[PDB]
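Just model_8.txt here, compact mmCIF, C-alpha atoms:
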# COMPACT_ATOMS: atom_id res chain seq x y z
CA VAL A 18 30.21 -18.70 -74.95
CA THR A 19 27.26 -19.67 -72.70
CA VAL A 20 28.74 -22.80 -71.03
CA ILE A 21 31.97 -24.51 -69.86
CA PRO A 22 32.48 -28.30 -69.36
CA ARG A 23 33.50 -29.79 -66.03
CA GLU A 24 37.30 -29.93 -66.25
CA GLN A 25 37.72 -26.97 -68.64
CA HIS A 26 36.53 -24.32 -66.16
CA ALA A 27 39.10 -23.73 -63.38
CA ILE A 28 38.79 -27.12 -61.69
CA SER A 29 35.66 -26.31 -59.71
CA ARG A 30 36.07 -29.62 -57.92
CA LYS A 31 32.75 -30.84 -56.62
CA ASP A 32 35.24 -30.93 -53.72
CA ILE A 33 35.39 -27.42 -52.26
CA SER A 34 31.54 -27.21 -52.27
CA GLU A 35 29.87 -28.12 -48.98
CA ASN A 36 27.27 -30.01 -47.02
CA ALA A 37 25.52 -27.26 -48.90
CA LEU A 38 25.91 -29.41 -51.99
CA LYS A 39 23.96 -32.00 -50.03
CA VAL A 40 20.70 -30.12 -50.49
CA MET A 41 21.22 -29.99 -54.29
CA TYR A 42 20.49 -33.71 -54.54
CA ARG A 43 17.11 -33.95 -52.78
CA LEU A 44 16.18 -31.51 -55.53
CA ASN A 45 18.05 -33.23 -58.33
CA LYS A 46 16.05 -36.32 -57.25
CA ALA A 47 12.56 -35.07 -56.27
CA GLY A 48 12.31 -33.37 -59.67
CA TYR A 49 13.94 -29.93 -60.09
CA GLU A 50 17.47 -28.97 -61.15
CA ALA A 51 19.42 -26.74 -58.78
CA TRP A 52 22.14 -24.20 -59.60
CA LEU A 53 24.57 -22.38 -57.28
CA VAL A 54 25.62 -18.82 -58.05
CA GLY A 55 27.52 -15.61 -57.21
CA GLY A 56 29.00 -15.60 -53.70
CA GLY A 57 30.82 -18.87 -54.15
CA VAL A 58 31.10 -19.12 -57.90
CA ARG A 59 32.72 -15.75 -58.64
CA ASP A 60 35.13 -16.43 -55.79
CA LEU A 61 35.68 -20.10 -56.58
CA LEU A 62 36.53 -19.70 -60.26
CA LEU A 63 39.52 -17.61 -59.19
CA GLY A 64 39.96 -20.45 -56.80
CA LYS A 65 39.55 -18.37 -53.67
CA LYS A 66 37.12 -20.04 -51.21
CA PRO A 67 33.34 -19.24 -50.92
CA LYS A 68 31.82 -16.73 -48.46
CA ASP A 69 28.16 -17.78 -48.53
CA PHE A 70 26.54 -20.69 -50.32
CA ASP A 71 23.62 -19.19 -52.19
CA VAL A 72 21.40 -21.72 -53.98
CA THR A 73 18.85 -21.13 -56.74
CA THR A 74 16.23 -23.55 -57.97
CA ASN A 75 13.14 -23.47 -60.18
CA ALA A 76 11.12 -25.34 -57.59
CA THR A 77 8.81 -22.72 -56.15
CA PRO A 78 9.16 -21.60 -52.47
CA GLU A 79 6.17 -23.86 -51.99
CA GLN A 80 7.26 -27.12 -53.66
CA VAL A 81 10.28 -26.35 -51.49
CA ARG A 82 8.32 -25.87 -48.22
CA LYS A 83 6.64 -29.02 -49.53
CA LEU A 84 9.99 -30.81 -50.10
CA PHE A 85 12.00 -29.86 -47.02
CA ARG A 86 8.82 -29.73 -45.01
CA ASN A 87 11.15 -31.58 -42.65
CA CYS A 88 14.43 -29.62 -42.29
CA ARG A 89 14.59 -26.70 -39.84
CA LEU A 90 13.38 -24.33 -42.52
CA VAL A 91 13.28 -20.70 -41.34
CA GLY A 92 13.03 -17.25 -42.93
CA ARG A 93 9.79 -15.59 -44.01
CA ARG A 94 9.28 -13.17 -46.93
CA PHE A 95 8.83 -14.08 -50.60
CA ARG A 96 11.00 -16.88 -51.99
CA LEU A 97 14.21 -16.40 -50.09
CA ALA A 98 13.87 -19.41 -47.77
CA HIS A 99 16.79 -20.26 -45.43
CA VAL A 100 17.42 -23.96 -44.80
CA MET A 101 19.60 -24.62 -41.76
CA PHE A 102 22.61 -26.90 -41.13
CA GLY A 103 24.22 -25.19 -38.14
CA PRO A 104 27.26 -22.94 -38.63
CA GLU A 105 26.29 -23.24 -42.29
CA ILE A 106 23.01 -21.91 -43.69
CA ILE A 107 21.87 -22.07 -47.30
CA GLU A 108 19.83 -19.26 -48.91
CA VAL A 109 17.21 -20.51 -51.34
CA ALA A 110 15.85 -18.10 -53.92
CA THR A 111 13.74 -19.13 -56.88
CA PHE A 112 14.02 -17.41 -60.26
CA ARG A 113 12.08 -14.21 -61.08
CA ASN A 138 4.68 -13.06 -64.61
CA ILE A 139 6.81 -13.12 -61.46
CA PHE A 140 8.87 -16.25 -61.95
CA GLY A 141 10.42 -18.12 -64.88
CA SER A 142 13.51 -19.30 -66.77
CA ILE A 143 16.71 -19.16 -64.74
CA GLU A 144 17.96 -17.15 -67.67
CA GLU A 145 14.96 -15.05 -66.69
CA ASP A 146 16.34 -14.59 -63.17
CA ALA A 147 19.65 -13.80 -64.86
CA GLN A 148 18.50 -10.41 -66.04
CA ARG A 149 17.01 -9.56 -62.65
CA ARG A 150 20.42 -9.89 -60.99
CA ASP A 151 23.08 -7.23 -61.17
CA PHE A 152 26.66 -8.16 -62.06
CA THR A 153 28.55 -10.31 -64.54
CA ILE A 154 31.14 -12.07 -62.43
CA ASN A 155 28.53 -12.18 -59.72
CA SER A 156 26.01 -14.43 -61.42
CA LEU A 157 27.27 -17.66 -63.03
CA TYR A 158 25.33 -20.93 -62.51
CA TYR A 159 25.96 -24.71 -61.99
CA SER A 160 24.57 -28.02 -60.86
CA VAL A 161 26.28 -31.12 -59.54
CA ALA A 162 24.23 -32.81 -62.23
CA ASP A 163 26.20 -31.02 -64.94
CA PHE A 164 29.55 -30.01 -63.51
CA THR A 165 29.25 -27.21 -66.07
CA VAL A 166 28.75 -23.49 -65.55
CA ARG A 167 26.44 -21.12 -67.52
CA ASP A 168 27.59 -17.69 -68.87
CA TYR A 169 24.47 -15.79 -69.91
CA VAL A 170 26.71 -12.66 -69.92
CA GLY A 171 30.37 -11.73 -70.47
CA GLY A 172 30.83 -12.92 -66.90
CA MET A 173 33.88 -15.11 -67.62
CA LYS A 174 35.95 -12.45 -69.40
CA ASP A 175 35.04 -9.87 -66.81
CA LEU A 176 36.42 -12.33 -64.28
CA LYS A 177 39.42 -13.13 -66.47
CA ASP A 178 40.50 -9.50 -66.81
CA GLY A 179 39.29 -8.16 -63.46
CA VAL A 180 36.44 -5.90 -64.59
CA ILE A 181 33.07 -4.73 -63.09
CA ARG A 182 29.82 -5.22 -65.00
CA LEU A 183 26.23 -4.13 -64.53
CA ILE A 184 24.25 -6.61 -66.56
CA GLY A 185 22.10 -4.21 -68.57
CA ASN A 186 21.55 -0.47 -69.01
CA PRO A 187 23.34 1.66 -66.48
CA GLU A 188 21.05 4.67 -66.82
CA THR A 189 17.97 2.44 -66.26
CA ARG A 190 19.30 -0.03 -63.75
CA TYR A 191 20.01 2.72 -61.17
CA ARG A 192 17.05 5.01 -61.54
CA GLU A 193 15.24 1.68 -61.07
CA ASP A 194 17.33 0.73 -58.02
CA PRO A 195 20.01 3.29 -57.27
CA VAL A 196 21.33 0.91 -54.63
CA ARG A 197 22.92 -0.98 -57.48
CA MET A 198 25.35 1.94 -57.67
CA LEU A 199 26.87 1.14 -54.29
CA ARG A 200 27.26 -2.66 -54.69
CA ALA A 201 29.13 -1.81 -57.84
CA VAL A 202 31.72 0.28 -55.96
CA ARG A 203 31.67 -2.20 -53.11
CA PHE A 204 32.93 -5.00 -55.30
CA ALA A 205 35.66 -3.18 -57.29
CA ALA A 206 36.98 -2.44 -53.85
CA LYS A 207 37.15 -5.96 -52.42
CA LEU A 208 38.89 -7.31 -55.47
CA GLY A 209 42.01 -5.58 -56.83
CA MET A 210 40.00 -5.27 -59.98
CA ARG A 211 38.57 -2.28 -61.92
CA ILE A 212 35.12 -1.08 -62.99
CA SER A 213 33.80 -0.78 -66.56
CA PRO A 214 34.05 2.34 -68.78
CA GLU A 215 30.33 2.21 -69.52
CA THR A 216 29.00 1.01 -66.17
CA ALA A 217 31.14 3.65 -64.49
CA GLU A 218 30.16 6.92 -66.18
CA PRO A 219 26.55 7.21 -65.04
CA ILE A 220 27.12 7.45 -61.25
CA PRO A 221 28.99 10.74 -60.57
CA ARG A 222 25.91 12.14 -62.27
CA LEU A 223 23.03 10.03 -60.87
CA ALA A 224 24.96 9.74 -57.67
CA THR A 225 22.61 12.01 -55.69
CA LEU A 226 19.57 9.89 -56.64
CA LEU A 227 20.18 7.87 -53.53
CA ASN A 228 18.60 10.64 -51.42
CA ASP A 229 15.05 9.20 -51.87
CA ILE A 230 16.03 5.69 -50.74
CA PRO A 231 14.85 5.13 -47.08
CA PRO A 232 17.81 5.96 -44.81
CA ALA A 233 18.04 2.45 -43.31
CA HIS A 234 18.30 0.82 -46.75
CA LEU A 235 21.27 3.08 -47.02
CA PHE A 236 22.40 2.34 -43.53
CA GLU A 237 22.75 -1.34 -44.37
CA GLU A 238 24.39 -1.07 -47.72
CA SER A 239 26.79 1.14 -45.81
CA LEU A 240 28.24 -1.28 -43.35
CA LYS A 241 28.35 -3.87 -46.12
CA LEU A 242 30.76 -1.54 -47.90
CA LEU A 243 33.61 -0.51 -45.58
CA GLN A 244 33.03 -2.20 -42.19
CA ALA A 245 33.39 -5.17 -44.58
CA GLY A 246 37.02 -5.11 -43.76
CA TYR A 247 37.60 -3.48 -47.05
CA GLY A 248 36.67 0.03 -46.13
CA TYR A 249 39.77 2.17 -46.89
CA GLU A 250 39.86 1.25 -50.57
CA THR A 251 36.07 1.25 -50.75
CA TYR A 252 35.98 4.91 -49.60
CA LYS A 253 39.01 5.86 -51.67
CA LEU A 254 36.56 5.06 -54.46
CA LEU A 255 33.32 6.36 -53.02
CA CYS A 256 34.68 9.76 -52.28
CA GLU A 257 35.93 10.00 -55.86
CA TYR A 258 32.43 9.22 -57.27
CA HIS A 259 30.78 11.88 -55.15
CA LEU A 260 28.90 8.92 -53.68
CA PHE A 261 30.33 9.47 -50.28
CA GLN A 262 28.67 12.82 -50.32
CA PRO A 263 25.00 11.73 -50.02
CA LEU A 264 25.29 9.38 -47.01
CA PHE A 265 27.50 11.69 -45.01
CA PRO A 266 26.21 15.15 -45.78
CA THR A 267 27.05 16.03 -42.24
CA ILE A 268 30.65 15.07 -42.97
CA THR A 269 31.68 15.92 -46.49
CA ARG A 270 31.06 19.52 -45.47
CA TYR A 271 34.32 19.34 -43.44
CA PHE A 272 36.78 17.91 -45.93
CA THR A 273 39.58 20.24 -46.92
CA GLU A 274 41.30 20.55 -50.26
CA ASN A 275 44.87 20.06 -49.21
CA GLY A 276 43.66 16.69 -47.99
CA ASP A 277 45.13 16.90 -44.52
CA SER A 278 42.55 17.43 -41.75
CA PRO A 279 42.31 15.39 -38.63
CA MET A 280 38.81 14.38 -39.62
CA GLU A 281 40.26 13.40 -42.91
CA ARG A 282 43.29 11.46 -41.61
CA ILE A 283 41.30 10.00 -38.72
CA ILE A 284 38.88 8.12 -40.92
CA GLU A 285 41.86 6.97 -43.00
CA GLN A 286 43.30 5.15 -39.98
CA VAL A 287 40.03 4.02 -38.34
CA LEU A 288 39.25 2.12 -41.57
CA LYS A 289 42.86 0.98 -42.13
CA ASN A 290 42.63 -0.47 -38.65
CA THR A 291 39.29 -2.05 -39.37
CA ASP A 292 40.48 -3.43 -42.73
CA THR A 293 43.10 -5.09 -40.56
CA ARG A 294 41.12 -5.84 -37.39
CA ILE A 295 38.81 -7.86 -39.62
CA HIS A 296 41.42 -9.48 -41.77
CA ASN A 297 42.22 -10.91 -38.35
CA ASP A 298 39.02 -12.65 -37.33
CA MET A 299 38.22 -10.15 -34.56
CA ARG A 300 34.90 -8.73 -33.56
CA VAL A 301 34.76 -5.07 -34.38
CA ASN A 302 32.24 -2.80 -32.79
CA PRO A 303 29.84 -1.34 -35.36
CA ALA A 304 28.84 1.63 -33.27
CA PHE A 305 32.50 2.46 -33.04
CA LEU A 306 33.27 3.38 -36.65
CA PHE A 307 30.39 5.76 -36.56
CA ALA A 308 31.19 7.72 -33.42
CA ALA A 309 34.64 7.29 -35.05
CA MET A 310 34.13 9.60 -38.07
CA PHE A 311 31.67 12.12 -36.65
CA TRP A 312 33.84 13.00 -33.67
CA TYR A 313 35.11 16.09 -35.47
CA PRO A 314 31.84 16.78 -37.31
CA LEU A 315 30.01 16.70 -33.98
CA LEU A 316 32.94 18.43 -32.52
CA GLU A 317 32.94 21.43 -34.83
CA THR A 318 29.21 21.42 -34.10
CA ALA A 319 29.42 21.26 -30.41
CA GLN A 320 31.78 24.23 -30.72
CA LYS A 321 29.69 26.76 -32.58
CA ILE A 322 26.49 26.08 -30.70
CA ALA A 323 28.45 26.44 -27.50
CA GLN A 324 29.16 30.13 -27.88
CA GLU A 325 26.50 31.15 -30.39
CA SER A 326 24.04 30.45 -27.53
CA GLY A 327 24.11 31.05 -23.83
CA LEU A 328 24.76 27.66 -22.26
CA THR A 329 27.48 25.62 -20.47
CA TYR A 330 29.59 22.93 -22.14
CA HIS A 331 28.30 19.66 -20.54
CA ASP A 332 24.97 21.03 -21.80
CA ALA A 333 26.04 22.37 -25.17
CA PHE A 334 27.50 19.00 -26.06
CA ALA A 335 24.25 17.17 -25.28
CA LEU A 336 22.41 18.63 -28.28
CA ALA A 337 25.52 18.67 -30.38
CA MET A 338 25.11 14.93 -30.32
CA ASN A 339 21.36 15.00 -31.12
CA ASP A 340 21.67 17.10 -34.21
CA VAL A 341 24.60 15.39 -35.79
CA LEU A 342 22.60 12.27 -35.27
CA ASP A 343 19.18 13.54 -36.27
CA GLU A 344 20.94 15.06 -39.24
CA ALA A 345 23.08 12.13 -40.28
CA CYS A 346 20.44 9.71 -38.99
CA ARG A 347 18.11 11.49 -41.37
CA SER A 348 20.69 10.65 -44.02
CA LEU A 349 20.70 6.98 -42.89
CA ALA A 350 18.64 5.37 -40.17
CA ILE A 351 20.81 4.43 -37.27
CA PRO A 352 19.62 1.84 -34.74
CA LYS A 353 18.93 3.15 -31.27
CA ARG A 354 21.25 0.38 -30.26
CA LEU A 355 24.10 1.90 -32.19
CA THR A 356 23.35 5.46 -31.24
CA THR A 357 23.00 4.83 -27.48
CA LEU A 358 26.45 3.30 -27.55
CA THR A 359 28.00 5.93 -29.75
CA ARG A 360 26.57 8.49 -27.34
CA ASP A 361 28.29 6.80 -24.43
CA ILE A 362 31.56 6.38 -26.37
CA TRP A 363 31.71 10.12 -26.45
CA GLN A 364 30.49 11.29 -23.10
CA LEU A 365 33.45 9.28 -21.67
CA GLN A 366 35.84 11.19 -23.87
CA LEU A 367 34.84 13.87 -21.50
CA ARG A 368 35.29 11.79 -18.41
CA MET A 369 38.65 10.33 -19.30
CA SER A 370 39.49 14.00 -19.31
CA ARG A 371 38.78 14.90 -15.73
CA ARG A 372 41.67 13.23 -13.89
CA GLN A 373 39.53 12.00 -10.98
CA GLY A 374 40.85 11.26 -7.48
CA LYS A 375 38.98 7.93 -7.43
CA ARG A 376 36.25 7.98 -10.07
CA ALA A 377 38.79 6.53 -12.48
CA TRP A 378 38.14 3.04 -11.18
CA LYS A 379 34.43 3.53 -11.99
CA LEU A 380 34.94 4.51 -15.61
CA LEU A 381 37.42 1.74 -15.87
CA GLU A 382 34.69 -0.80 -15.29
CA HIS A 383 32.16 0.85 -17.66
CA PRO A 384 30.83 -1.65 -20.24
CA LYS A 385 31.46 0.48 -23.27
CA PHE A 386 34.90 1.52 -22.14
CA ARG A 387 37.40 -0.15 -24.46
CA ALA A 388 36.03 1.82 -27.42
CA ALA A 389 36.19 5.13 -25.61
CA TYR A 390 39.87 4.63 -25.11
CA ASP A 391 40.35 3.03 -28.56
CA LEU A 392 39.14 6.37 -30.01
CA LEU A 393 41.20 8.52 -27.84
CA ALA A 394 44.14 6.49 -29.16
CA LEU A 395 43.36 7.68 -32.61
CA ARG A 396 42.18 11.04 -31.51
CA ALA A 397 45.41 12.13 -29.79
CA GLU A 398 47.50 11.04 -32.77
CA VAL A 399 45.71 12.81 -35.62
CA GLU A 400 45.14 15.96 -33.58
CA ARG A 401 48.84 15.58 -32.88
CA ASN A 402 48.09 17.04 -29.47
CA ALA A 403 50.60 16.53 -26.69
CA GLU A 404 48.36 16.87 -23.68
CA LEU A 405 46.13 14.10 -25.07
CA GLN A 406 48.80 11.74 -26.20
CA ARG A 407 50.23 12.38 -22.68
CA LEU A 408 46.90 11.15 -21.34
CA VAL A 409 46.54 8.11 -23.53
CA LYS A 410 49.97 6.87 -22.43
CA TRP A 411 48.61 7.21 -18.95
CA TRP A 412 45.39 5.29 -19.37
CA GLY A 413 47.56 2.88 -21.25
CA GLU A 414 49.61 2.00 -18.21
CA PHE A 415 46.97 2.50 -15.56
CA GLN A 416 44.59 0.06 -17.29
CA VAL A 417 46.92 -2.96 -17.34
CA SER A 418 48.17 -2.22 -13.85
CA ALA A 419 47.46 -4.34 -10.89
CA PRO A 420 45.78 -2.46 -8.02
CA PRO A 421 49.03 -1.72 -6.16
CA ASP A 422 50.21 0.37 -9.01
CA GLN A 423 46.86 1.86 -9.85
CA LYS A 424 46.48 2.75 -6.22
CA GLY A 425 49.69 4.71 -6.54
CA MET A 426 49.13 6.41 -9.89
CA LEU A 427 46.01 8.09 -8.58
CA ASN A 428 48.14 9.36 -5.68
CA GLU A 429 50.66 11.34 -7.75
CA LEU A 430 47.96 13.66 -9.04
CA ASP A 431 46.53 14.78 -5.68
Give the structure from the file, written as structure tokens.
Amino acid sequence: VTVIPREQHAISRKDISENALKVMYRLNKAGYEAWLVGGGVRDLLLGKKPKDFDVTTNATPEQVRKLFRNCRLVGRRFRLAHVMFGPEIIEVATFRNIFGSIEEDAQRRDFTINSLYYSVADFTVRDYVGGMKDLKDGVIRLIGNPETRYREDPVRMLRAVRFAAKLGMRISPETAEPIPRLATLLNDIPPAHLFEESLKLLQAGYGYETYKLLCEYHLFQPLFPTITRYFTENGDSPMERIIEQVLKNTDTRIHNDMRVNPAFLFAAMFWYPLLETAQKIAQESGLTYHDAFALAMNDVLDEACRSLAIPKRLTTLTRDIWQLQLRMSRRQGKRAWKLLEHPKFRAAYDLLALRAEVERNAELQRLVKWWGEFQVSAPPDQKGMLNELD
């Protein structure tokens, strides 16, 4: 099977395809035939709506700059041109001695249920791989040779986990074996390539299950060297349980169209890691705490950062998120108000929420309940809280 006729494939309905579909006609008219793939297709066959509308035509990124010479075309780099609508953008990649048959760009892509094609001209899809059965039975497929396809681009390992996680559907016996083994290979991939395929995974609002998987494929290990070192066997650490909730929350905080702070998940895991760090250096060298901490932060970062390039933006925040953890501590006669205003505050507290619950520490939980009240107070109450301490 390498095709399915209009009505026979889960009623695609030219209907749930967008303004995006609009573009497909200035192509279907000016010459070339245009096919949409992956992001919408995979989703849409199940029926579930489309996340991004990714187009793919034979017309070269030039005939295309030459065709929509008009439209607010944007986005440099080979092929990959982004034509704009507004709250809807449409990626435009051409097939790929460099270019060729769409079937040709079939083999360059990575997964079966992730790459099925169709034009408004045909109302028919195109299965150049077992794509439709993989979708039918909920199963993950690299297109070609596992062994090759990763050594070639080990990043393909991660997407593969990434996807089995979003969908309550399982990987493939053959596609699956390689990784525990090759796993490590990632190490030579620039840290920031890693750092991006990282967020994409768990701060995708799918995290918890994604990591349930990653850990188990000793894939977690490479990105978070810094961390894995602190797991325990039993399975019950704070570090361990903490990340279980911080993701669980995020899975949820996202499933509820709410902005989540990126910097937050990171300072979120490492707390302990940096914490156990901060500890040893503290005594093992003559120096005071406020100080000791300072470097504690640098090395967990330089270390983990070395494992995956973290934006100065992110770090600078994550730094702050912590340093407050140490200010929310010193019940201050009147400095409270100050911290209260601090830009990066909500996270600081958000952490401490978690923090006091995993650690199952009373004199923290005691404190969180306090900042809890004192932050929603008016000023007549806040005025008074600060007066019971002195």
**Residue contacts of region 279-285 of chain A (10 Å, only C-alpha atoms) excluding same-chain residues fewer than 2 positions away, as number ranges by chain** = A: 248-250, 252-253, 268-269, 271-273, 276-277, 287-290, 306-307, 309-314, 392, 395-401
**Request:** Measure the distance from CA of residue 393 (chain A) to CA of residue 330 (chain A) in Å and round it to one decimal.
**Result:**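 CA of residue 330 (chain A) lies 19.4 Å from CA of residue 393 (chain A).
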**Asked** A:175, A:194, A:361, A:163: which is nearest residue 41 (chain A), counting only C-alpha atoms?
**Response**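 The shortest atom-to-atom distance to residue 41 (chain A) comes from A:163.
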**Message:** I need every residue sitting at most 9 Å from the point (31.1, -18.2, -68.3) (coordinates as in the file, all atoms listed in the file considered), written as a ChimeraX atom specification.
**Reply:** /A:18-21,26,154,157-158,166-174,176
Would you write out, as JSON lines, a table of all residues in region 226-330 of chain A that have an atom no more than 8 Å from an atom of region 206-212 of chain A, listing for each the closest atom pair and the distance in Å to one decimal, considering all atoms listed in the file and ordering rows by chain and rising residue number?
{"residue": "A:247", "atom": "CA", "partner": "A:207", "partner_atom": "CA", "distance": 5.9}
{"residue": "A:250", "atom": "CA", "partner": "A:206", "partner_atom": "CA", "distance": 5.7}
{"residue": "A:251", "atom": "CA", "partner": "A:206", "partner_atom": "CA", "distance": 4.9}
{"residue": "A:254", "atom": "CA", "partner": "A:206", "partner_atom": "CA", "distance": 7.5}
**Request:** Within 10 Å of residue 55 (chain A), counting all atoms listed in the file, which residues show up once you throw out same-chain ones fewer than 6 positions away? Write them as an MDAnalysis selection string, please.
**Result:** chainID A and resid 61 67:72 150 152:158
**Request:** To one decimal in Å, tell me the separation between CA of residue 333 (chain A) and CA of residue 358 (chain A).
**Result:**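 Straight-line distance from CA of residue 333 (chain A) to CA of residue 358 (chain A) works out to 19.2 Å.
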**Request:** For each of A:162, A:76, A:214, A:241, take the minimum atom-to-atom distance to residue 199 (chain A), counting only C-alpha atoms, then give the residue where this is smallest.
**Result:** A:241
**Request:** Excluding residue 222 (chain A) and any residue of its chain fewer than 4 positions from it, enumerate the residues within 12 Å of it, using only C-alpha atoms, and give them as a PyMOL selection string.
**Result:** chain A and resi 187-188+191-192+195+198+217-218+226-227+258-260
Dump C-alpha atoms for the selected residues as a PDB file, in the frame of the given file?
ATOM      1  CA  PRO A 187      23.340   1.660 -66.480  1.00  0.00           C
ATOM      2  CA  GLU A 188      21.050   4.670 -66.820  1.00  0.00           C
ATOM      3  CA  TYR A 191      20.010   2.720 -61.170  1.00  0.00           C
ATOM      4  CA  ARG A 192      17.050   5.010 -61.540  1.00  0.00           C
ATOM      5  CA  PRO A 195      20.010   3.290 -57.270  1.00  0.00           C
ATOM      6  CA  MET A 198      25.350   1.940 -57.670  1.00  0.00           C
ATOM      7  CA  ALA A 217      31.140   3.650 -64.490  1.00  0.00           C
ATOM      8  CA  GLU A 218      30.160   6.920 -66.180  1.00  0.00           C
ATOM      9  CA  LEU A 226      19.570   9.890 -56.640  1.00  0.00           C
ATOM     10  CA  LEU A 227      20.180   7.870 -53.530  1.00  0.00           C
ATOM     11  CA  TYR A 258      32.430   9.220 -57.270  1.00  0.00           C
ATOM     12  CA  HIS A 259      30.780  11.880 -55.150  1.00  0.00           C
ATOM     13  CA  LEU A 260      28.900   8.920 -53.680  1.00  0.00           C
TER      14      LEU A 260
END
**Request:** Find the distance between CA of residue 387 (chain A) and CA of residue 424 (chain A) and write it in Å to one decimal.
**Result:** 20.6 Å
**Request:** Can you work out which one of A:165, A:189, A:25, A:244 has the shortest atom-to-atom distance to residue 219 (chain A), counting all atoms listed in the file?
**Result:**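 Looking at the shortest contact to residue 219 (chain A), the residue is A:189.
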**Request:** Rank nothing, just name the residue among A:262, A:29, A:77, A:406 nearest to residue 63 (chain A), using all atoms listed in the file.
**Result:**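 So, comparing all the options, the nearest one is A:29.
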**Selection: 10 Å around residue 368 (chain A), all atoms listed in the file, excl. self and same-chain fewer than 4 positions, as a VMD selection string** = chain A and resid 363 to 364 372 to 373 376 to 377 380 389
Since the input is missing atoms, can you rebuild N, CA, C and O atoms for region 385-397 of chain A and write them as a short mmCIF file (atom, residue, chain, number, x, y, z; two decimals), keeping the file's coordinate frame?
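Result file result_39.cif:
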data_model
loop_
_atom_site.label_atom_id
_atom_site.label_comp_id
_atom_site.auth_asym_id
_atom_site.auth_seq_id
_atom_site.Cartn_x
_atom_site.Cartn_y
_atom_site.Cartn_z
N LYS A 385 31.04 -0.02 -21.98
CA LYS A 385 31.46 0.48 -23.27
C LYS A 385 32.83 1.13 -23.28
O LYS A 385 33.22 1.78 -24.24
N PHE A 386 33.60 0.91 -22.23
CA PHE A 386 34.90 1.52 -22.14
C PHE A 386 35.92 1.28 -23.25
O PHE A 386 36.36 2.24 -23.87
N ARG A 387 36.34 0.05 -23.49
CA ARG A 387 37.40 -0.15 -24.46
C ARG A 387 37.33 0.76 -25.68
O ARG A 387 38.35 1.27 -26.11
N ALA A 388 36.14 0.97 -26.24
CA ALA A 388 36.03 1.82 -27.42
C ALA A 388 36.46 3.24 -27.09
O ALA A 388 37.30 3.83 -27.76
N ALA A 389 35.88 3.77 -26.03
CA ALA A 389 36.19 5.13 -25.61
C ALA A 389 37.67 5.32 -25.74
O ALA A 389 38.15 6.15 -26.52
N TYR A 390 38.42 4.51 -25.02
CA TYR A 390 39.87 4.63 -25.11
C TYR A 390 40.37 4.40 -26.55
O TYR A 390 41.10 5.22 -27.09
N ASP A 391 39.90 3.33 -27.20
CA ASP A 391 40.35 3.03 -28.56
C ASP A 391 40.35 4.29 -29.42
O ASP A 391 41.29 4.52 -30.18
N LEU A 392 39.31 5.12 -29.26
CA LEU A 392 39.14 6.37 -30.01
C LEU A 392 40.22 7.33 -29.67
O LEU A 392 40.96 7.84 -30.51
N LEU A 393 40.25 7.61 -28.38
CA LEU A 393 41.20 8.52 -27.84
C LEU A 393 42.60 8.17 -28.33
O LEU A 393 43.46 9.04 -28.41
N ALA A 394 42.84 6.91 -28.66
CA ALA A 394 44.14 6.49 -29.16
C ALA A 394 44.36 7.23 -30.44
O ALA A 394 45.36 7.92 -30.63
N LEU A 395 43.38 7.06 -31.31
CA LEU A 395 43.36 7.68 -32.61
C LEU A 395 43.42 9.17 -32.40
O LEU A 395 44.40 9.84 -32.74
N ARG A 396 42.35 9.64 -31.81
CA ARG A 396 42.18 11.04 -31.51
C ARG A 396 43.46 11.82 -31.17
O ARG A 396 43.76 12.81 -31.82
N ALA A 397 44.21 11.39 -30.17
CA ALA A 397 45.41 12.13 -29.79
C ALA A 397 46.52 12.12 -30.84
O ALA A 397 47.41 12.96 -30.82
#
